[PDB]
Amino acid sequence: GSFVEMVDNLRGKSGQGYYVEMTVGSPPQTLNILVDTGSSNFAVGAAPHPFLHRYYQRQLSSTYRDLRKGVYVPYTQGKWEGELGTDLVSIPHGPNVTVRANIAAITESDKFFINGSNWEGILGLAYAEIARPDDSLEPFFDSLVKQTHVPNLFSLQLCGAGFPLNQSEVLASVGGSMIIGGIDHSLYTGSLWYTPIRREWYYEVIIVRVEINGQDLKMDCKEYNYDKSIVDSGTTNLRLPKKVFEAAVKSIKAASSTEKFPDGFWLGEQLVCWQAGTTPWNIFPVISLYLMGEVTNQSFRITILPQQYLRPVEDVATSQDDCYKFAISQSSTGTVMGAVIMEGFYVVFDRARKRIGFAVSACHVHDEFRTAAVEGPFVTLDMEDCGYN
Ligand SMILES: CC(C)C[C@H](NC(=O)c1cc(C(=O)N[C@H](C)c2ccccc2)cc(N(C)S(C)(=O)=O)c1)[C@@H](O)C[C@@H](C)C(=O)N[C@H](C(=O)NC(C)C)C(C)C
């Protein structure tokens, strides 16, 4: 697995989302697109907007096709309306190919475009099933596979920094790698463990057990996937179902009790600060999620450090002071494994073998005493009961 050409093709190391460069139309209009495995719609800005440095101009593409049909897409945070149509797409730092894909020209949007993010579109990599209007709208990756020889899987390495990067730093620095059609062994260390995609709509998985510094949260596993558990590059936080969230924060609060933090912090609202270089990483617990394996009654665990769940935010008063935000939050829509998780590993979306694999990221942030981890197997039974129906 050597796609050294696609290696380092991502951006927004310490920004608002990881994007890849793409081009749409003829002649090629360049646009940075947010990699989002939590949805299935390919959409781009198509009209000027305040937080848009550039956008898709249909009238200038010789290959554009207006489907004369509107589309509406609502996300946990933000939404947009647009006009459906198709055009030719390319990924400069992806496989050398061109495919005709469905494209939503965003005309009306609300709390979607993040000012300064530097991305003008979104690449929904999930399955047709959750695509809008309905599943008849072939998602991008599906078009890519049907129209070429590119293998049916992709890999993601999202690189966090551990420290805040200013405007020009997020621009001139690798944010990670999105390997389309294969795996690059250089992106990870150790072994790759695969968990089954329960059902092909979101990239759904099943969590069988959660630990806070080795201590079992000991709750009925169904709770851990209450509604569902998905993997989403487009979500910042490790989002957890209300009940699981309350329990985790209680345990995290107990593990770090030698220091007190204002309630707002645990809500992810107010940031906590320490003298530059004095962040007490050791007082915070590591967090482990156990996922079902391909082998029956067997499972493995992925473990993250506070360096993954304590996000670096630039302090108002420039003070060298290192500041963070608790990036573990509540969800009424199931567990969401966002960047907090993905930034710790190399994740393989083996759509072809209907599975997702994890391995310690060659770029995850850590200290000299602890590191992210992926280990197995563990003999736990009746794990089918974990799934929500
Ligand atoms: C571009 C997004 C607008 C896409 C959706 N992102 C969200 O909604 C969302 C984005 C961010 C956020 O800051 N991300 C940045 C870019 C980011 C991402 C990664 C690293 C750094 C920064 C935070 C949250 N918070 C909850 S947080 C505070 O992290 O706890 C949520 C999608 O990735 C989510 C996805 C699950 C869905 O909404 N899918 C749709 C869906 O089911 N909709 C139902 C109907 C609500 C789809 C299938 C139709």
Side-chain angles (χ1 to χ4, degrees), residues 10-20 32-45 51-52 71-82 104 106 109-135 137 139 156-161 164-165 170 175-176 178 199-205 227-242 245 248-249 266-269 271 308-309 311-313 325-344 347 365:
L10 295 184
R11 283 204 286 169
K13 191 174 184 187
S14 278
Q16 283 59 278
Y18 296 93
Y19 58 91
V20 59
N32 286 150
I33 314 303
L34 171 92
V35 186
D36 186 67
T37 69
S39 48
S40 318
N41 273 101
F42 181 29
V44 305
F51 306 161
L52 286 181
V71 58
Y72 168 64
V73 178
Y75 306 87
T76 314
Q77 193 182 85
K79 58 200 166 74
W80 52 257
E81 267 201 304
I106 297 173
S109 57
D110 188 55
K111 302 171 199 175
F112 178 68
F113 290 123
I114 307 178
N115 180 191
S117 69
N118 209 57
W119 49 263
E120 306 90 15
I122 180 164
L123 174 66
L125 294 163
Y127 302 90
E129 171 105 60
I130 56 187
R132 301 315 192 73
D134 50 277
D135 61 73
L137 194 78
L156 294 175
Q157 185 197 63
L158 304 182
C159 301
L165 301 170
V170 183
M178 201 205 139
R199 203 250 281 201
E200 306 171 297
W201 56 323
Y202 283 94
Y203 279 103
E204 172 174 32
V205 298
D227 200 0
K228 56 179 177 301
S229 286
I230 71 183
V231 181
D232 185 36
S233 58
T235 289
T236 312
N237 301 0
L238 194 218
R239 307 231 301 144
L240 303 163
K242 190 196 190 64
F245 180 72
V249 195
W266 293 105
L267 299 178
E269 280 163 358
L271 56 193
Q308 274 72 241
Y309 70 75
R311 294 218 138 214
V313 294
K325 269 192 178 168
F326 183 57
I328 294 183
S329 47
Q330 210 172 318
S331 172
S332 61
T333 66
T335 293
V336 174
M337 283 156 73
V340 162
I341 291 288
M342 297 198 67
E343 286 184 354
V347 188
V365 172

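In what follows, residues are counted from 1 in the order of the sequence shown. Whatever order the structure lists ligands and atoms in, that order sets their numbers, starting from 1.
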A126, portion touching ligand 1 at heavy-atom distance under 4.0 Å: neither
Element-labelled atoms of ligand 1 that are located less than 4.0 Å from some non-hydrogen atom of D232: 32 (C), 33 (O), 34 (C), 35 (C), 36 (C)
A339: numbered ligand 1 atoms lying under 4.0 Å from its heavy atoms: 19 (C), 20 (C)
Aromatic plane relationship, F326 with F245 - under 30° parallel, 30 to 60° tilted, over 60° perpendicular: tilted
Test of proximity, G38 against ligand 1: N or O pairs below 3.5 Å: yes
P74 N/O to ligand 1 N/O under 3.5 Å: yes
Heavy atom of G124, distance to ligand 1 below 4.0 Å: no
Atom 6 (N) of ligand 1 [closest protein heavy-atom partner, distance rounded to 0.1 Å]: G234 O, 3.5 Å
Ligand 1-proximal atoms of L34, by part, heavy-atom distance under 4.0 Å: side chain
Verdict with reasoning, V73 to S39, per side chain to side chain contact (heavy atoms under 4.5 Å, CB included): CA-CA 9 Å; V73 178; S39 48; 5.6 Å; no
Option of least heavy-atom distance to atom 7 (C) of ligand 1 (set: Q77, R132, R239): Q77
Sub-4.0 Å heavy-atom contact, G78 with ligand 1: no
Residue of the set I328, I341, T333 for which side chain to side chain contact (heavy atoms under 4.5 Å, CB included) holds with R239: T333
Element-labelled atoms of ligand 1 that are located less than 4.0 Å from some non-hydrogen atom of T235: 18 (C), 19 (C), 29 (O), 33 (O), 34 (C)
Per-residue contact class, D36 against ligand 1 - non-hydrogen pairs under 4.0 Å: side chain
Ring geometry between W80 and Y75 (parallel below 30°, tilted from 30 to 60°, perpendicular above 60°): tilted
Mutual orientation of the aromatic rings belonging to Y203 and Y127 [parallel < 30°, tilted 30-60°, perpendicular > 60°]: tilted
Test of proximity, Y202 against ligand 1: N or O pairs below 3.5 Å: yes
